[PDB]
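Start at 1 with the first residue, then count along the sequence. Note: hydrogens, waters and symmetry copies are ignored here, and every other heavy atom, side chains too, is used. One-based numbering, in listed order, for ligands and for the atoms of each.
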Amino acid sequence: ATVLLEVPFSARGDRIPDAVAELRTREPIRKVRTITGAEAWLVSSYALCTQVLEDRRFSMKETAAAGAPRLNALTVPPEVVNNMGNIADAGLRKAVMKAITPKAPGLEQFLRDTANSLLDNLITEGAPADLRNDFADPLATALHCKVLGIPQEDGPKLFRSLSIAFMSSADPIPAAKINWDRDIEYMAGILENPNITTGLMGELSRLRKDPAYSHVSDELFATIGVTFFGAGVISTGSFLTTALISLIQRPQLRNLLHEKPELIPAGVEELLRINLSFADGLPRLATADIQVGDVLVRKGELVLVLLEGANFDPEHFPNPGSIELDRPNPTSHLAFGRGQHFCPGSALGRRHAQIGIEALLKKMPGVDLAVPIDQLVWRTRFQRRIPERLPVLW
Ligand code: HEM
Ligand SMILES: Oc1ccc(-c2cnnn2-c2ccc(O)cc2)cc1
């Protein structure tokens, strides 16, 4: 006898387990057990993953319901799970989206300057360098501070919460609540602070005093700050870090991108397609009985949408394991999700990575791992897969 198949399969973000392709071929929707002991349907094909993400009856918001089968414990108040729904009901959607485009005046130039300076410092200190702690994360953090309109120097203090905030835990985390309340007070301070007049927090401070928003709660305005900072920094830092690994391990692609950098955006779209930064399937709770492939999912059940099941599905991406820059369907991956909850920071995340990669290839064209790739230490029980340190030489 064996126990019901457990998720997640592996914390390694440099390779996909052979088990995924076998699941997808034999059972593209199938029952698994999550770290909390709940059962769930794991969906691993492109077609079923898209079907679930496009059908709002598989609810993101209902995942936070008391007594529901859980992927993991809430690290936020239950209402914050419906964050985008709350933003839209407040009439704040267009304003938040407008504040987070990579196309703000001088934002891209800021990213480039920041990436270059980080790299100069690494080059000056001498190899080995940690491309995670001293490149990708400081880059993601600096970008988000500029986007929020908050002081660059406040970035490290906010960043400190993230190794706990984005944990994927069987049980509630006391530190997540301490950090959450603390970060919420920080952002409430920012809304009151007269020096903060640019970016997202600048915009939110003005809308807050605008009579058309006078019934929007102060808790929502602060929440938007914390969540958009947290989600943005964790997602871009993790993506860029694991994309640098995929790049470092393909010196041919790396030379091609070094030599023809106009290919970097197509390069990034392939790195997004193949990325394993999301550690768990995207969770949804069935609010009706709904046929998914051979399975009738029952109202009240938990479904997990496995991004790399879709993104490595050979029926949709032939030779899925190869980065190929001339695919006919390059942005059709699910790295940013799909449907109602499609990532609102997608353009920002694309530009963060394009610029970081461009700067890396220019400054460090001989970049290579300074340790055998098995020596990378993969963070466990976390909503992202990332190496604790990314040691490189050049
Ligand atoms: C390359 C970097 C990124 C990747 C790979 C990424 C991935 C995703 C994915 C796959 C979803 C769907 C979640 C779901 O459907 O359950 C998502 C949602 C979200 N993302 Fe991004 N993301 C990235 C960058 C960003 C940035 C730059 C921000 C904003 C500053 C952001 C803020 C959000 C928010 C607030 C949601 C919730 C959307 C909703 O509930 O409707 N992420 N992210
Ligand atoms: O739009 C969002 C953003 C984040 C989350 C979230 C889920 N689990 N943790 N967090 C979290 C924790 C600490 C923090 O500062 C920010 C977010 C959920 C929905």
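- Salt bridge annotation for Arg182-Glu185: absent, with no cationic side-chain nitrogen under 4.0 angstrom from a carboxylate oxygen.
- The option from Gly232, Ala99, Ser277 that lies nearest to atom 28 (C) of ligand 1, judged by heavy atoms, is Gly232.
- Partner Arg384 forms a side-chain contact (heavy atoms from CB on, under 4.5 Å) with one of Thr241, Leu162, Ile234, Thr242 and no other, that one being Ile234.
- In the candidate list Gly230, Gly337, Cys343, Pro283, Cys343 is nearest to atom 43 (N) of ligand 1, counting heavy atoms.
- Under the 4.5 Å side-chain criterion, counting only non-hydrogen atoms from C-beta, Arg24 is in contact with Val20.
- Near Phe228, meaning under 4.0 Å from one of its heavy atoms, ligand 1 places the atoms 29 (C), 30 (C), 35 (C).
- Under 4.0 angstrom from ligand 1, the non-hydrogen atoms of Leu307 all belong to its side chain.
- Contacts between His144 and ligand 1, counted as non-hydrogen atom pairs separated by less than 4.0 Å, involve the side chain only.
- For the side-chain contact (heavy atoms from CB on, under 4.5 Å) with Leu369, the qualifying choice from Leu390, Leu131, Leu393 is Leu390, the only one to do so.
- When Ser346, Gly237, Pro344, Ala88 are ranked by how near their heavy atoms come to atom 19 (C) of ligand 1, first place goes to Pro344.
- Hydrophobic clustering of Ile, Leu, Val, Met, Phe, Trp and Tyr side chains at less than 4.5 Å, counting indirect connections, keeps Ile178 apart from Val76.
- Of all the atoms in ligand 1, the ones that sit under 4.0 Å from a non-hydrogen atom of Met84 are 38 (C), 39 (C), 40 (O), 41 (O).
- For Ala243, the side chain to side chain contact (heavy atoms under 4.5 Å, CB included) partners are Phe239, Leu271, not counting sequence neighbours.
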Ligand-protein N/O pairs under 3.5 Å (ligand 2):
unit_1	atom_1	unit_2	atom_2	d
ligand 2	1 (O)	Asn83	ND2	3.1
ligand 2	8 (N)	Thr75	OG1	2.6
ligand 2	9 (N)	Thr75	OG1	2.4
ligand 2	9 (N)	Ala165	O	2.9
ligand 2	10 (N)	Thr75	OG1	3.4

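- Here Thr223 pairs with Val80, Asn83, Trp180, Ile184, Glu219, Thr227 under the side chain to side chain contact (heavy atoms under 4.5 Å, CB included) rule; sequence neighbours left out.
- Proximity of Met60 to ligand 1, defined as any heavy-atom pair under 4.0 Å, is confined to the side chain (atoms from C-beta onward).
- You'll find the side chain of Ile35 reaches within 4.5 Å of the side chain of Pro8, heavy atoms only.
- Only the backbone of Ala335 comes within 4.0 Å of ligand 1, judged by heavy-atom distances.
- The line from CG of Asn329 to CD of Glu269 is 11.0 Å long, rounded to the nearest 0.5 Å.
- Annotation: side chain to side chain contact (heavy atoms under 4.5 Å, CB included) contacts of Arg338 (sequence neighbours excluded): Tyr46, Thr50, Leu53, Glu54, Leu334.
- With respect to the salt-bridge test (charged N to carboxylate O, under 4.0 angstrom), the residues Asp130 and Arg132 do not qualify.
- Contacts between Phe229 and ligand 1, counted as non-hydrogen atom pairs separated by less than 4.0 Å, are absent for every part of the residue.
- Relative to atom 15 (O) of ligand 1, the option among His352, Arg338, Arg384, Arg284 with the closest non-hydrogen atom is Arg284.
- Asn72 and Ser168 share a donor-acceptor pair across their side chains, judged by distance under 3.5 Å alone.
- The closest non-hydrogen atom to atom 32 (C) of ligand 1, taken over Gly339, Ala347, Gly349, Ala231, comes from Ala231.
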